[PDB]
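Quick heads-up: the structure tokens below are two forms of one chain, split into structure 1 and structure 2.
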Structure 1
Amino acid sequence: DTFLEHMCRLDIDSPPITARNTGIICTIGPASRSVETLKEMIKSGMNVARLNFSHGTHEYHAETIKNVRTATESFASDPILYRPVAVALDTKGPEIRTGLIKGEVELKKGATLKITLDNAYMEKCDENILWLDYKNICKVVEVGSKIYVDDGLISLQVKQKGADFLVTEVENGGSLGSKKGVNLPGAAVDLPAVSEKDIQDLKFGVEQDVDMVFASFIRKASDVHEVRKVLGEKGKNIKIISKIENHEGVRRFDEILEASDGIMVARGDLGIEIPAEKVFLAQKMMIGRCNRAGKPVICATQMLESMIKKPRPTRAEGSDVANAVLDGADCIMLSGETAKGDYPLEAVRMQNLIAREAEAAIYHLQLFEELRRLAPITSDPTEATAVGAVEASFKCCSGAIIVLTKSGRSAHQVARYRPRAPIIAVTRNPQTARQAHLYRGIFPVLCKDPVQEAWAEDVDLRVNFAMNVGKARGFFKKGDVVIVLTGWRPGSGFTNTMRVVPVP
């Protein structure tokens, strides 16, 4: 009845029998590359596998994808318990990176550091000289500008502008390693959004059959469509997730969202570009707008960073990941925790626990009450059935909303209204089953059975397939009642048929 009293009833000693509705995306790297480890990671709750193309070769990532798909299809023998695992391609984009250390160096406060463009010191960086790959650096920043190196752990101040160099004073010190990312906040970064390397990697994704692309450093709508053109006709089905990681992306969010399939909120990279006391507002703004438009939103960076070396996360991390879920994030991404961490499996397992516990603190009723009031007054048959199905899901105490779909668009439209009941998406399309994980609350199942001659025989077969899996995952028992969404005729165009069927 009230959100306030809903928070008052939260018991920590009471185990949560609420399904972990958010999708877990894991960055696959050197520590989780093997087939055997991936098998366990899928069981723990991995839904999407991210491949970071900032490092490694095409051949390296090709073997990674093979290991991901081998571990996934090891459960294909049992379609009742099978889980679709999506493949993701994270682009490098316009990055500025440091060189190599001669022979990690320790930087002291107030010390003079010379950032050069001379390729003689490319692989000879020390406590005095530094090299980076952005040739137009002295043309974009003036005297007094702040240069951030390695997650913004090392901060510099330009004392004097040079020709092919920059004289900087160290404000924040630390262990400066090789090949580290460089940030220039408030600079006219004139690097292309889609570099020549990005064009190579994006086309490789088309050939490796990726389900989604995480496009880095997206600043405007024209950037998104440049990624759309590179994917072309053969990659028209691949979902483009635009990563917001600077101030311009926050400023021009409306045009980015309207051009993109989804948005990734990189809170670490954003925290360096914009002031720290404003990042929480940007996260809550961007997630809320993605909820309004009904497009997937992923939270990345600074999630469980402590789990790279320790088998347990801290308090602040557990609270921060949970608050992202409460904001309305569809997915939450693990970076170095699963990529190169000492405890990759535990990083996935803890994420399942943190997200599942956050589910109890979500007041679903209000979300649907509010989303239907902003839902445009339309006569769209699918949209009217989507509202009606979620409306009926709350009133019938429904175990699930079974949605029969080919494209996924009808199942995605149900997810927009955020129901308590999990949305079982029945499909024969393997890609749309993988891509369904981007959305919160959608439980995708892949029907392997052939298309039945009669239309009614096919629907009842797919409904009974979803009924079996829903009972297997404990969503609903025998005496429960669920909602089924289908079309009316073969080649319908609209998923407008809603029926309230009791579970056999």
Structure 2
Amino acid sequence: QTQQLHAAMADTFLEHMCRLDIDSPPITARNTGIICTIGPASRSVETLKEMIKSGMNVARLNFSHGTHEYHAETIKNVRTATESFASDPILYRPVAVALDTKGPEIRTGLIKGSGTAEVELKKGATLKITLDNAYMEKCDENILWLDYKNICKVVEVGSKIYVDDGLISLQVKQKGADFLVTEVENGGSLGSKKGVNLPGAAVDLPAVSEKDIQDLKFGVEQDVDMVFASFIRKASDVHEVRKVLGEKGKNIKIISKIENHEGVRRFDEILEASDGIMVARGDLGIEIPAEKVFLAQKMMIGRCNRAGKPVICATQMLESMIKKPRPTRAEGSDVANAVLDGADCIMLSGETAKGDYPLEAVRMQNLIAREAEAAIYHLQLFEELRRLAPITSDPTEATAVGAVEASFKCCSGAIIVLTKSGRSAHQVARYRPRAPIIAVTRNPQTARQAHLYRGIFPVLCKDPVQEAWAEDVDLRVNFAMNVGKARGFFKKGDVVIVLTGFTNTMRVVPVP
């Protein structure tokens, strides 16, 4: 048995589970994109190359920390590492750059003497919180300076406040005039500049602030491919982000992050306005009750899938791997279930940004994802997506559905799509074919953005535009055709699907 084809033949979803077999190997090609956060541990060109070698598709730069210089250098290294393989088109793996925005986050100040210094909060022990900037440099076990100045106006008496990943929780004994006197609920070591969450509270921090505008404009200067926009709450917040990106940045994909109750509620509004969604479980698990996350996640992946847009699952997928070389059984199951849910990309934060084993964590996700894709019940996924798919006037859309249906019949090895903007390829992916979609394009940016979609393998053709069109099409097709054989997606005999143009033509041919 190969790539769980026995499990795929069952009539029921239950029979399908029963036939899943651990002694049935997947198809080398992994379809779920891997997004790694680049930080102190993965920043070197040297380790960065190993990362690309291990499976990284997108590099995430977290702008809640670090100066532009720091990030501009990170960006340069990501590109040095990526172009190191440019010599040969069979080794060249396009890598995209994504910018995560700080956004409307509330942070505590610097602990006494220095941030490295720590402190311990013990239960019951009240604690003082002032917006008095004299204490920012002096954060201690008795006084905690906040970042959000117009706090109290939004926090009533009795409410809660979670500091540091929500690990530390407090309780407002009374709303002060310009200060708060709390009481630890469950202490712990309070370092410095630890995020703060005000669930139940109605924060008014600007969706996009000054710092966000400069970082956002910086991304346009830097030529990033996508923006992960933090704390999106309404469709109007995404518009401000497009606005800022201006005309120069109009092609940058915008990924709205859902991290709170409102965003969850205004999801439909937000999805329509975005290019894609990121299920940002970290904050969302503090903003709403932790047992609800799985529901918000499946709700979001389901709708994005249905809508044909990228959805990224993120935060704490391999937490444990920050300190250890192997993941726990919960984390192992986490990644698999995300892929099986329908997530286009899975992500890594601390695991690659500051952990001791970023390469093992990237390698782990390539492994799990590959297994998880083989275990997908397509006979039901494809049938369900079609039935829910609107009746179209667009030829390319009918070409896409027709192409994925043929790929299941002849069990095809690949769906070669020639596209300039990537749309044709995106249209093929929403129907979730089992065959890999090799997207041949001359646009290096659409090639990078291809990674936000499940099953799209971008192959950047450099060859000059042939004088004659028919020839230029035949050229880009032999390109995929040779790089494909070279990369091992198929051999001279295999049947393959090819989509060219406006993309409205489909051909089922033998590999040359």
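Residue positions are counted from 1 along structure 1's sequence. We call the rigid core whatever largest set of C-alpha positions still superposes within 1.5 Å between the two forms.
**Q** Verify the C-alpha shift of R499 between structures 1 and 2: is it 2 Å or more after superposing the core?
**A** Shift of 2 Å or more: no.
**Q** Relative to the superposed rigid core, does the CA atom of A19 travel 2 Å or more between structures 1 and 2?
**A** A19: C-alpha displaced by 2 Å or more between structures 1 and 2.
**Q** So, with the core fitted, how far does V469 move at its Cα between structures 1 and 2, in angstrom?
**A** Here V469 registers a C-alpha shift of 2.0 Å.
**Q** Cα of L374: shift between structures 1 and 2 in Å, core-fitted?
**A** Core-aligned C-alpha shift comes out at 1.0 Å.
**Q** Keeping the rigid core superposed, can you check how far the CA atom of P84 moves between structures 1 and 2, in angstrom?
**A** Between its two positions, the C-alpha of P84 lies 0.4 Å apart after core fitting.
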